[PDB]
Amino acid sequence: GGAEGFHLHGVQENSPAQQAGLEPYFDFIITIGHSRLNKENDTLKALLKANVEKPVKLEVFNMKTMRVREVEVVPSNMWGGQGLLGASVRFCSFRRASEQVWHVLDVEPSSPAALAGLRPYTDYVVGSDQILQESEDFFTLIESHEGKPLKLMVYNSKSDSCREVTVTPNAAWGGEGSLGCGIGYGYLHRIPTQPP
C-alpha cells in the first residue's frame, strides 16, 4: 500500500457508486475506512456488506487528477440494480497504468483513422475488447488486424469523455502506414492531467 487497488471498470446507473461520483476508468479504490486494499481478498465486499445502509469512507486515486480523494458511499440493497455499490472492479496497479495509452497525432484525410473518426491530438486510445498479452501493445493490435475491424475505447481531452471507435487497418489504403495517422507514446503523450 503501495500501488495496488481496485480499478473501477464501470458503474451502473442510479448506483451508490454513481451517486458518489466514482469515475469509471480513471478511479482506483485504494482504501475503505482504515483498511488499505492492497491485496485481492474479500475485505472490500465484506466491509460494504457489514455497513450496508450506512455511510462508509473510501479513498480513491484518480489518473486524470493524479490525486487521492476521500469519497463517502452508502452501500445499499435498495437501489434496484446489482451489488451494494453498483460498481464493476478489478484488482490492479495504478503505478504505471496511465502510461498505457496511445495519443492520436495528425490524421490524414481518407485514411483508416479518418474513416473511424479519430480526432487529431485530442484522442487517446485507452483500451480495446482485445486483451494484450505481456509485451504486446497498441501496435501489436494494429499489426494483427490488417483488413479487420478493431474495436477501441478512446478518451477525448477536449470533450472529456470516452467513446467506442472501430478502425480497420489497411496497409493498401494508398497513403503511408496502415492507419494514416501519427501515434505518440511516452511522456507528452498521456491523458492530460486536470487541475480539479
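Sequential numbering from 1, following the sequence displayed.
- The PDB entry records a higher mean C-alpha B factor for 56-64 than for its counterpart among 156-164 and 56-64.
- For the pair 66-74 and 146-154, the mean B factor over Cα atoms is greater in 66-74.
- Among 81, 120, 117, 109, the highest C-alpha B-factor in the deposited entry belongs to 81.
- The entry lists a Cα temperature factor for residue 128 that places it in the lowest third of the chain's modelled residues.
- When the CA B factors of the chain's modelled residues are split into thirds, the value for residue 179 lands in the lowest one.
- When the modelled residues of the chain are ordered by their C-alpha B factor, residue 87 lands in the middle third.
- Ranked within its chain, residue 188 lands in the lowest third, by CA B factor from the PDB record.
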